[PDB]
Each structure stands twice: as structure tokens, then as C-alpha cells.
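Text of start.cif, listed as mmCIF, N, CA and C atoms:
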data_structure
loop_
_atom_site.label_atom_id
_atom_site.label_comp_id
_atom_site.auth_asym_id
_atom_site.auth_seq_id
_atom_site.Cartn_x
_atom_site.Cartn_y
_atom_site.Cartn_z
N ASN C 1 -23.14 -24.22 24.56
CA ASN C 1 -22.92 -24.78 23.23
C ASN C 1 -21.50 -24.51 22.75
N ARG C 2 -20.91 -25.51 22.09
CA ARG C 2 -19.60 -25.30 21.47
C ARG C 2 -19.66 -24.22 20.40
N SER C 3 -20.79 -24.10 19.71
CA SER C 3 -20.93 -23.08 18.68
C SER C 3 -20.85 -21.68 19.27
N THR C 4 -21.37 -21.50 20.49
CA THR C 4 -21.30 -20.19 21.12
C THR C 4 -19.86 -19.77 21.37
N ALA C 5 -19.06 -20.66 21.94
CA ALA C 5 -17.65 -20.36 22.16
C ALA C 5 -16.92 -20.16 20.84
N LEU C 6 -17.26 -20.96 19.83
CA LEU C 6 -16.66 -20.80 18.51
C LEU C 6 -16.91 -19.41 17.95
N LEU C 7 -18.17 -18.97 17.97
CA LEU C 7 -18.51 -17.68 17.39
C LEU C 7 -17.94 -16.54 18.22
N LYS C 8 -17.89 -16.70 19.55
CA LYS C 8 -17.29 -15.65 20.37
C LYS C 8 -15.79 -15.56 20.15
N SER C 9 -15.13 -16.69 19.85
CA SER C 9 -13.74 -16.64 19.44
C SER C 9 -13.59 -15.93 18.10
N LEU C 10 -14.50 -16.20 17.17
CA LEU C 10 -14.44 -15.60 15.84
C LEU C 10 -14.91 -14.15 15.80
N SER C 11 -15.47 -13.64 16.90
CA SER C 11 -15.95 -12.26 16.92
C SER C 11 -14.84 -11.26 16.61
N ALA C 12 -13.62 -11.52 17.08
CA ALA C 12 -12.52 -10.59 16.82
C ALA C 12 -12.21 -10.52 15.33
N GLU C 13 -12.14 -11.67 14.66
CA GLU C 13 -11.88 -11.68 13.23
C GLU C 13 -13.04 -11.07 12.46
N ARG C 14 -14.27 -11.28 12.95
CA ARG C 14 -15.43 -10.62 12.35
C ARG C 14 -15.29 -9.10 12.43
N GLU C 15 -14.87 -8.60 13.59
CA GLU C 15 -14.67 -7.16 13.74
C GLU C 15 -13.59 -6.66 12.80
N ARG C 16 -12.48 -7.41 12.69
CA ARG C 16 -11.42 -7.06 11.75
C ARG C 16 -11.97 -6.92 10.33
N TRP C 17 -12.72 -7.92 9.89
CA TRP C 17 -13.16 -7.95 8.50
C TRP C 17 -14.21 -6.88 8.23
N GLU C 18 -15.11 -6.63 9.18
CA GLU C 18 -16.10 -5.57 8.97
C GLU C 18 -15.44 -4.20 8.97
N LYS C 19 -14.45 -3.99 9.85
CA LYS C 19 -13.73 -2.72 9.84
C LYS C 19 -12.99 -2.52 8.52
N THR C 20 -12.39 -3.59 7.99
CA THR C 20 -11.74 -3.49 6.69
C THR C 20 -12.75 -3.16 5.59
N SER C 21 -13.91 -3.81 5.61
CA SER C 21 -14.91 -3.58 4.57
C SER C 21 -15.53 -2.19 4.66
N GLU C 22 -15.53 -1.58 5.85
CA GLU C 22 -16.20 -0.29 6.02
C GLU C 22 -15.58 0.79 5.15
N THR C 23 -14.25 0.85 5.09
CA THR C 23 -13.53 1.91 4.40
C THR C 23 -13.11 1.50 2.99
N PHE C 24 -13.90 0.65 2.33
CA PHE C 24 -13.52 0.19 1.00
C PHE C 24 -13.56 1.32 -0.02
N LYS C 25 -14.45 2.29 0.15
CA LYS C 25 -14.52 3.40 -0.80
C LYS C 25 -13.23 4.20 -0.80
N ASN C 26 -12.66 4.45 0.39
CA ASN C 26 -11.38 5.14 0.46
C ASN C 26 -10.22 4.24 0.09
N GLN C 27 -10.34 2.93 0.32
CA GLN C 27 -9.32 2.00 -0.16
C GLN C 27 -9.24 2.00 -1.68
N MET C 28 -10.38 2.18 -2.35
CA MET C 28 -10.45 2.10 -3.80
C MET C 28 -10.23 3.44 -4.49
N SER C 29 -10.69 4.54 -3.89
CA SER C 29 -10.64 5.83 -4.57
C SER C 29 -9.22 6.33 -4.81
N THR C 30 -8.24 5.83 -4.07
CA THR C 30 -6.87 6.32 -4.14
C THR C 30 -5.98 5.49 -5.06
N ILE C 31 -6.54 4.53 -5.79
CA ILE C 31 -5.71 3.69 -6.65
C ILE C 31 -5.07 4.53 -7.75
N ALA C 32 -5.72 5.62 -8.16
CA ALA C 32 -5.22 6.41 -9.29
C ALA C 32 -3.84 7.00 -9.00
N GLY C 33 -3.75 7.89 -8.01
CA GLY C 33 -2.48 8.53 -7.72
C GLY C 33 -1.44 7.55 -7.19
N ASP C 34 -1.87 6.59 -6.38
CA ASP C 34 -0.95 5.58 -5.87
C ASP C 34 -0.33 4.80 -7.02
N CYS C 35 -1.14 4.38 -7.99
CA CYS C 35 -0.60 3.66 -9.13
C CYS C 35 0.23 4.57 -10.01
N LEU C 36 -0.10 5.87 -10.08
CA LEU C 36 0.76 6.79 -10.82
C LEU C 36 2.17 6.81 -10.24
N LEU C 37 2.27 7.01 -8.92
CA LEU C 37 3.57 6.99 -8.26
C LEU C 37 4.28 5.65 -8.48
N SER C 38 3.56 4.55 -8.25
CA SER C 38 4.20 3.24 -8.31
C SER C 38 4.65 2.90 -9.72
N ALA C 39 3.84 3.23 -10.73
CA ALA C 39 4.21 2.94 -12.11
C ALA C 39 5.37 3.82 -12.56
N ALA C 40 5.38 5.09 -12.16
CA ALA C 40 6.52 5.94 -12.49
C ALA C 40 7.79 5.36 -11.89
N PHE C 41 7.72 4.89 -10.64
CA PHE C 41 8.88 4.28 -10.02
C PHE C 41 9.30 3.02 -10.76
N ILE C 42 8.34 2.14 -11.06
CA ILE C 42 8.69 0.87 -11.68
C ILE C 42 9.20 1.07 -13.11
N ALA C 43 8.93 2.24 -13.70
CA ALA C 43 9.48 2.54 -15.02
C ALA C 43 10.87 3.15 -14.93
N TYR C 44 11.01 4.29 -14.24
CA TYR C 44 12.22 5.10 -14.33
C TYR C 44 13.26 4.76 -13.27
N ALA C 45 12.86 4.72 -12.00
CA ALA C 45 13.77 4.92 -10.88
C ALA C 45 14.78 3.80 -10.67
N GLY C 46 14.86 2.79 -11.54
CA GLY C 46 15.78 1.70 -11.31
C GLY C 46 17.24 2.04 -11.53
N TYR C 47 17.53 3.10 -12.30
CA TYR C 47 18.91 3.54 -12.60
C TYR C 47 19.48 4.41 -11.50
N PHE C 48 18.65 5.15 -10.76
CA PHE C 48 19.14 6.14 -9.82
C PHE C 48 19.63 5.47 -8.53
N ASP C 49 20.38 6.24 -7.75
CA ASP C 49 20.83 5.82 -6.44
C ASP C 49 19.77 6.19 -5.40
N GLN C 50 20.06 5.87 -4.13
CA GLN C 50 19.06 6.03 -3.07
C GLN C 50 18.62 7.48 -2.95
N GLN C 51 19.57 8.41 -2.89
CA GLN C 51 19.22 9.82 -2.73
C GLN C 51 18.43 10.33 -3.92
N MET C 52 18.87 9.99 -5.14
CA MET C 52 18.16 10.45 -6.33
C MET C 52 16.78 9.81 -6.42
N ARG C 53 16.67 8.53 -6.07
CA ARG C 53 15.36 7.87 -6.07
C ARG C 53 14.42 8.57 -5.10
N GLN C 54 14.90 8.88 -3.90
CA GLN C 54 14.05 9.54 -2.91
C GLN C 54 13.65 10.93 -3.39
N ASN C 55 14.59 11.68 -3.96
CA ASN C 55 14.25 13.00 -4.49
C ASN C 55 13.19 12.90 -5.58
N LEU C 56 13.34 11.92 -6.46
CA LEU C 56 12.45 11.83 -7.61
C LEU C 56 11.05 11.43 -7.16
N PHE C 57 10.97 10.48 -6.22
CA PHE C 57 9.68 10.09 -5.64
C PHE C 57 9.03 11.26 -4.92
N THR C 58 9.83 12.04 -4.18
CA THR C 58 9.29 13.20 -3.49
C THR C 58 8.72 14.21 -4.48
N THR C 59 9.42 14.43 -5.59
CA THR C 59 8.93 15.35 -6.60
C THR C 59 7.61 14.86 -7.20
N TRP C 60 7.52 13.57 -7.50
CA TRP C 60 6.27 13.01 -8.00
C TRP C 60 5.13 13.24 -7.02
N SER C 61 5.38 12.93 -5.74
CA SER C 61 4.33 13.08 -4.73
C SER C 61 3.92 14.54 -4.58
N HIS C 62 4.88 15.46 -4.61
CA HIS C 62 4.55 16.87 -4.49
C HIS C 62 3.72 17.34 -5.67
N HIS C 63 4.06 16.89 -6.88
CA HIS C 63 3.26 17.27 -8.04
C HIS C 63 1.85 16.71 -7.95
N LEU C 64 1.71 15.46 -7.49
CA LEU C 64 0.37 14.91 -7.30
C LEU C 64 -0.40 15.71 -6.26
N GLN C 65 0.28 16.16 -5.20
CA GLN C 65 -0.37 17.01 -4.20
C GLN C 65 -0.86 18.30 -4.83
N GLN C 66 -0.05 18.91 -5.69
CA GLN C 66 -0.44 20.17 -6.31
C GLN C 66 -1.68 20.01 -7.19
N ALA C 67 -1.89 18.82 -7.75
CA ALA C 67 -2.94 18.59 -8.74
C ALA C 67 -4.21 17.99 -8.14
N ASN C 68 -4.28 17.84 -6.81
CA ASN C 68 -5.43 17.24 -6.14
C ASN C 68 -5.67 15.84 -6.70
N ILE C 69 -4.68 14.98 -6.48
CA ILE C 69 -4.75 13.57 -6.84
C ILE C 69 -4.78 12.77 -5.55
N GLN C 70 -5.68 11.80 -5.47
CA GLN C 70 -5.84 11.02 -4.25
C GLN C 70 -4.81 9.89 -4.22
N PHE C 71 -3.94 9.92 -3.22
CA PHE C 71 -2.87 8.93 -3.09
C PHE C 71 -2.46 8.85 -1.63
N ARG C 72 -2.14 7.64 -1.18
CA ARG C 72 -1.70 7.43 0.19
C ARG C 72 -0.22 7.77 0.32
N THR C 73 0.12 8.48 1.40
CA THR C 73 1.48 8.97 1.62
C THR C 73 2.31 8.04 2.50
N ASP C 74 1.72 7.48 3.55
CA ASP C 74 2.46 6.68 4.52
C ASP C 74 2.81 5.28 4.01
N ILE C 75 2.24 4.84 2.90
CA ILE C 75 2.46 3.49 2.41
C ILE C 75 3.80 3.45 1.69
N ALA C 76 4.71 2.62 2.19
CA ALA C 76 6.04 2.52 1.60
C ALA C 76 5.97 1.78 0.27
N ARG C 77 6.98 2.04 -0.57
CA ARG C 77 6.94 1.59 -1.96
C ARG C 77 6.95 0.06 -2.06
N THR C 78 7.93 -0.58 -1.42
CA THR C 78 7.98 -2.04 -1.46
C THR C 78 6.79 -2.64 -0.72
N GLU C 79 6.45 -2.07 0.44
CA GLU C 79 5.30 -2.57 1.18
C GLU C 79 4.00 -2.30 0.43
N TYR C 80 3.99 -1.26 -0.42
CA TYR C 80 2.83 -0.96 -1.29
C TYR C 80 2.74 -2.08 -2.32
N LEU C 81 3.78 -2.32 -3.13
CA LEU C 81 3.69 -3.28 -4.22
C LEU C 81 3.96 -4.70 -3.74
N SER C 82 5.16 -4.95 -3.24
CA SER C 82 5.53 -6.29 -2.81
C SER C 82 4.72 -6.69 -1.59
N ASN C 83 4.28 -7.94 -1.57
CA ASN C 83 3.52 -8.50 -0.47
C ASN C 83 4.46 -9.31 0.43
N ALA C 84 3.89 -9.97 1.44
CA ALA C 84 4.70 -10.74 2.38
C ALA C 84 5.35 -11.93 1.70
N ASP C 85 4.60 -12.64 0.85
CA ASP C 85 5.12 -13.87 0.25
C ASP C 85 6.30 -13.58 -0.66
N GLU C 86 6.18 -12.55 -1.50
CA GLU C 86 7.28 -12.21 -2.39
C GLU C 86 8.52 -11.79 -1.61
N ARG C 87 8.33 -10.98 -0.57
CA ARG C 87 9.46 -10.54 0.25
C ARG C 87 10.15 -11.73 0.90
N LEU C 88 9.37 -12.65 1.47
CA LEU C 88 9.97 -13.79 2.15
C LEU C 88 10.67 -14.71 1.16
N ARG C 89 10.07 -14.93 -0.01
CA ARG C 89 10.71 -15.79 -1.01
C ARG C 89 12.02 -15.18 -1.49
N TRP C 90 12.04 -13.86 -1.71
CA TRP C 90 13.28 -13.20 -2.10
C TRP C 90 14.33 -13.28 -1.00
N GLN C 91 13.92 -13.08 0.25
CA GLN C 91 14.87 -13.19 1.36
C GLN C 91 15.42 -14.60 1.47
N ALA C 92 14.62 -15.61 1.12
CA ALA C 92 15.13 -16.97 1.07
C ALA C 92 16.11 -17.18 -0.08
N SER C 93 16.10 -16.30 -1.08
CA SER C 93 16.97 -16.41 -2.25
C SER C 93 18.22 -15.54 -2.12
#
Same coordinates, now as C-alpha cells:
Amino acid sequence: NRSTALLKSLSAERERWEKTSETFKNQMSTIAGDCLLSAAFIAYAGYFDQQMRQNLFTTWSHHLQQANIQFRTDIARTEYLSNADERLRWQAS
């Protein structure tokens, strides 16, 4: 059946989507500290230079660590907020 080949082709995307849905509780529980970092950056850090921005972000993250706040560490700031479409549109500009 053509449907069999279709579904077996779609099995990989099914696995992707189920794996994504599995960890939704951890995807959601960390919005607090992550948004704290991101909002502090989007408020203050626009005046500072690269070194000062990095220092200030590091201080925020360390304070969140001290306070037992759930936040992702490996997610980069632009990759955290800006998506692919915004990045590509800006690069086109």
C-alpha cells in the first residue's frame, strides 16, 4: 500500500514530535528564570559593550543559580529570543 510507505516515511517526524512532546514539563518549568535573564538583558544591556554585556549576563546567571531558579544555560541569547525568520530577514536588511 502507498499508505504504508507514506507512514513509514513519516515515522521519523513522528518520533521527532513525540520526543519533543515528552519533555514539555521541563520545557515549560524553566520559563521563569530564562525570561528573567532575557528581560533584564532586553531592558539594560543595550548601552554596554561586549565585555560588559557578558559580565553583566554572567552576574545575572550566577545570582539565579544562587537562588535556585530554573533556567537553561546553554541557550544563547539571540538564539533564545530571535527565531530563524527574524534573523534571516535582518540579514537580508
- [ ] Have a look at atom C of residue 70 in chain C and CA of residue 25 in chain C and let me know their distance in Å, one decimal.
- [x]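 A separation of 12.2 Å between them.
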List, as a compact mmCIF listing (two decimals) with N, CA and C atoms, keeping the file's coordinate frame, every residue that the PyMOL selection byres (((chain C and resi 74-87 and name CA) around 10) and name CA) selects in the file provided.
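Saved as out03.txt:
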# COMPACT_ATOMS: atom_id res chain seq x y z
N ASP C 34 -1.87 6.59 -6.38
CA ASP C 34 -0.95 5.58 -5.87
C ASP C 34 -0.33 4.80 -7.02
N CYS C 35 -1.14 4.38 -7.99
CA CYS C 35 -0.60 3.66 -9.13
C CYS C 35 0.23 4.57 -10.01
N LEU C 37 2.27 7.01 -8.92
CA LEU C 37 3.57 6.99 -8.26
C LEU C 37 4.28 5.65 -8.48
N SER C 38 3.56 4.55 -8.25
CA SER C 38 4.20 3.24 -8.31
C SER C 38 4.65 2.90 -9.72
N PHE C 41 7.72 4.89 -10.64
CA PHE C 41 8.88 4.28 -10.02
C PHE C 41 9.30 3.02 -10.76
N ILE C 42 8.34 2.14 -11.06
CA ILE C 42 8.69 0.87 -11.68
C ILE C 42 9.20 1.07 -13.11
N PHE C 57 10.97 10.48 -6.22
CA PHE C 57 9.68 10.09 -5.64
C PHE C 57 9.03 11.26 -4.92
N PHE C 71 -3.94 9.92 -3.22
CA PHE C 71 -2.87 8.93 -3.09
C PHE C 71 -2.46 8.85 -1.63
N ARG C 72 -2.14 7.64 -1.18
CA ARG C 72 -1.70 7.43 0.19
C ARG C 72 -0.22 7.77 0.32
N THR C 73 0.12 8.48 1.40
CA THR C 73 1.48 8.97 1.62
C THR C 73 2.31 8.04 2.50
N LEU C 88 9.37 -12.65 1.47
CA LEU C 88 9.97 -13.79 2.15
C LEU C 88 10.67 -14.71 1.16
N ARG C 89 10.07 -14.93 -0.01
CA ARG C 89 10.71 -15.79 -1.01
C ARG C 89 12.02 -15.18 -1.49
N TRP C 90 12.04 -13.86 -1.71
CA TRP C 90 13.28 -13.20 -2.10
C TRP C 90 14.33 -13.28 -1.00
N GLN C 91 13.92 -13.08 0.25
CA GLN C 91 14.87 -13.19 1.36
C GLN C 91 15.42 -14.60 1.47
N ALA C 92 14.62 -15.61 1.12
CA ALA C 92 15.13 -16.97 1.07
C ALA C 92 16.11 -17.18 -0.08
N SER C 93 16.10 -16.30 -1.08
CA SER C 93 16.97 -16.41 -2.25
C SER C 93 18.22 -15.54 -2.12
- [ ] Can you check which residues of chain C DSSP gives as helix (DSSP H, G or I) on the backbone and send them as JSON, numbers by chain?
- [x] {"C": [2, 3, 4, 5, 6, 7, 8, 9, 10, 11, 12, 13, 14, 15, 16, 17, 18, 19, 20, 21, 22, 24, 25, 26, 27, 28, 29, 31, 32, 33, 34, 35, 36, 37, 38, 39, 40, 41, 42, 43, 50, 51, 52, 53, 54, 55, 56, 57, 58, 59, 60, 61, 62, 63, 64, 65, 66, 77, 78, 79, 80, 81, 84, 85, 86, 87, 88, 89, 90, 91, 92]}
TODO: Quick one: pull the distance between CA of residue 18 in chain C and CA of residue 5 in chain C, Å, one decimal.
DONE: 19.9 Å
TODO: Excluding residue 40 in chain C and any residue of its chain fewer than 3 positions from it, enumerate the residues within 12 Å of it, using only C-alpha atoms, and give them as a list in words.
DONE: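 Counting only the stated atoms, we get residues 33, 34, 35, 36, 37, 43, 44, 45, 46, 53, 56, 57, 58, 59, 60, 61 and 77 of chain C.
Separating atom C of residue 16 in chain C from atom N of residue 28 in chain C is a distance of 15.7 Å.
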